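A structural walkthrough
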Amino acid sequence: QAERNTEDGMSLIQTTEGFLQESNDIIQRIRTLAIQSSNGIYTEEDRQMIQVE
Amino acid sequence: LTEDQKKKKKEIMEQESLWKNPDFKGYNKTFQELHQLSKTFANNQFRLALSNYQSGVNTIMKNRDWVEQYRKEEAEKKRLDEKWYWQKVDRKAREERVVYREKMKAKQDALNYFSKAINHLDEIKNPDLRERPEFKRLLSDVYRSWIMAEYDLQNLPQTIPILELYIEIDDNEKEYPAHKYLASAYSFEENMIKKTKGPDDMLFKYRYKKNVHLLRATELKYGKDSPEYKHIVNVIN
Amino acid sequence: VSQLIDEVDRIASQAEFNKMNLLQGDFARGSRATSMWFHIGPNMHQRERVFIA
Amino acid sequence: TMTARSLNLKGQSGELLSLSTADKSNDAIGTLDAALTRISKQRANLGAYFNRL
Amino acid sequence: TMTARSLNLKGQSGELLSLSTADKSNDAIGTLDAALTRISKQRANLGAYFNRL
C-alpha cells in the first residue's frame, strides 16, 4: 500500500505539472508579445490589440 | 491695510508654503509636524497610517533625486550622432520619456502607499478619535501629497474627488491653493468636453464648478467686495 | 515657384506612414510624446534614434 | 501560483480603458524572466519530486 | 455589425435620385478608416480568441 501511496502521489504531481506546462507556455507567449510591445514605433492602438491577447 | 487684510496676507503665504512642491526642508518640517500629532494620538492604526504615508512621500523624494542623477548622467554623455537639429530633438524627447515613465511608476508606488495610509485611517472607527486634530491633519496631508503627485503628471481629473475630500476637513475649505487647483482641474475637464465634443450637461457642470472655485479662491485671497472679487462676479453674472 | 513652395509645405504636412505623420510639427510632442523609438534587439537598451522635420 | 506570482503588470503606456499601466519596459522584460524562472524551476521541484517517488 | 457600424455615408453633393449625401470628404475618408479599423480589430480579437481555444 505504501508503494501505491507513492504512485498516487506521482499522479497528483504530474497533474499539477501539466497545469504548469500550460502556465509557462503562457508566459513565453506573453514574453513574445512583450517584446513586440517594447518596440517604440509599435503604436498605442496596436499595443491595445496585443494587450487583448 | 486693515487688521484682517494683514492677517489674510500672512495666511495666504502660509497656505502657498503648505502646498509647496516637496524638498528636503519641507519634507523634514512636514513630517516633523505630522510626527508631533501621531505622538499625542497614541493609536497603532494611525501610527501605521503615518508610516505608510511617509513611505509614499519617500518614494517621491527618492525619485526627485533619481531624476537629477539621470539627467546629469545623460548630460555627461558625449553624443557623436547628434550633429543635426532632429537628432538633438529626438534624444531630448527620449530623456523626457524615461523621466516621465519613472515619475509615473514613482507616482503609482507613492499612491499605493497613500492608499494604505487611508486604509489604516479607515480602521479608526471611534467617532471621538476621528474628530481629533491629529487624525484630520494627517488625512489632509495624505490627500495633499496625493493631489500634488497627480497634478505634477497632469492627471487633473483624478485630483477632483481628493481635493473635494480635502476641503471638507477642518477648515481646509478656507485654503486658497485648494480652490485654485479645483478650479484648474474643473477647467481642464470643461476643455476635455469641448475638445471631445462631449455632452452639454457635463460642459456646464464643469464650467459651473470652475467658476464657483475660481470666485471662492478670489474671495479668500483678496476679500469679499474687493476690486478683484467684484470683477470675477461681474464676469460670471 | 509659389506652388512648389506650397507643395513642400503640403508634402511635409500630409506625409504619413502607418497613420504617423513623419514631417509636420507633431515633434517633439503632440497630445503625447510618442515618436520614433525603435526596438532593434530582443532585450531592452538595444535601441536607435530617429527624428526628422 | 496565481497572476500575483510575479510582478503582474497590466495595460500599457498610452490611452486605456483601465486605470493601470506597465512599468519600465526593461524591468517588465526582467519580470517575465522572473515569472518564467520562478515557475519553471518549481516544475523542476515536482520533476525531482517525481524521481524521488 | 451591420451597416450602422460606422458612419454609413451614401450619395454625394449635387443632383441625385436619392435623398442622402456624404459629408466633408476628409471626414468621410476618416470614417472609412474607422470602419476598416473597427472591423479588423474585432477580427483580431476573434483571431486572438481562436489561439485561446
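What comes next is a walk through the structure.

**Looking at the overall build of chain A**
- The number of helices and strands found in chain A is 2 helices and 0 strands.
- Considering only C-alpha atoms, chain A reaches an extent of 60 × 15 × 5 Å along its principal axes.

**Observations regarding the overall build of chain D**
- Per the secondary structure count, chain D includes 1 helix and 0 strands.
- Computed over its C-alpha atoms, the radius of gyration of chain D comes to 15 Å, more than 25% above the 10 Å expected for a compact globule of 53 residues.
- By principal-axis analysis of the C-alpha atoms, chain D measures approximately 50 × 20 × 10 Å.

**Overview of the packing of helix α3 (residues 44–75) of chain B against helix α4 (residues 85–122) of chain B**
Residue and element names in this part refer to chain B.
- With their axes 7 Å apart at the nearest point, α3 and α4 run at an angle of 170° to one another. Overall, the two elements α3 and α4 adopt an arrangement that is roughly antiparallel. Taking contact as the criterion, the partners of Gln45, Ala49, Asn52, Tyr53 and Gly56 in α3 are, on α4, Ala110, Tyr113, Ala117 and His120.
- Taken together, the residues of the contact of α3 with α4 sort by class into 5 nonpolar, 4 polar and no charged.

**Focus: the arrangement of the chains**
- Highest in contacts among the 2 pairs of chains that touch are chains A and C.
- Nothing in chain A touches chain B, and the closest approach of their C-alpha atoms is 10 Å.
- Taking C-alpha atoms as the reference, chain B and chain E come no closer than 15 Å and do not contact one another.

**Comments concerning helix α2 (residues 24–41) of chain B**
- With 18 residues, α2 of chain B extends 26 Å from end C-alpha to end C-alpha; this agrees with the ideal 26 Å at 1.5 Å per step.
- In the stretch just after α2 of chain B, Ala42 of chain B is the one whose phi turns positive, near 55°.

**Brief notes about unusual backbone geometry**
- For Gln154 of chain B, which is not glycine, the phi dihedral falls at a positive 65°.
- Summarising the element assignment, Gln154 of chain B is placed in the loop between α6 (133–152) and α7 (160–167).
- Of note, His45 of chain C is a non-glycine position whose phi angle comes to about 65°, a positive value.
- Looking at the element boundaries, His45 of chain C is found in the loop between β3 (37–39) and β4 (47–49).

**Some thoughts on the environment of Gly11 of chain E**
Residue and element names in this part refer to chain E.
- Looking at the element boundaries, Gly11 is found in the segment before α1 (25–52).
- Here the alpha-carbon distance between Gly11 and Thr21, two residues 10 residues apart in the chain, equals 4.2 Å.
- Contact partners of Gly11, with chain neighbours within four places excluded, come to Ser20, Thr21 and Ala22.

Conventions used here
- Residues numbered from 1 in each chain as written, not as in the entry; some residues may be left out.
- Chains lettered and ligands numbered in written order.
- Part of a larger assembly, values for the part shown.
- Heavy atoms only, no water.
- Residues with missing side-chain atoms left out of burial classes, pairs and counts.
- Helix = DSSP H or I, 4+ residues; strand = E, 2+ residues; numbered from the N terminus.
- Rg over C-alpha atoms; globule rule 2.2 N^0.38 Å.
- Axes fitted to C-alpha atoms, helices over the stretch in contact; angles between N-to-C directions.
- Parallel < 35°, antiparallel > 145°, perpendicular 65-115°, else oblique.
- Contact = heavy atoms within 4.5 Å.
- Nonpolar A, V, L, I, M, F, W, Y, C, P; charged D, E, K, R; others polar.
- Expected span 1.5 Å × (residues − 1).

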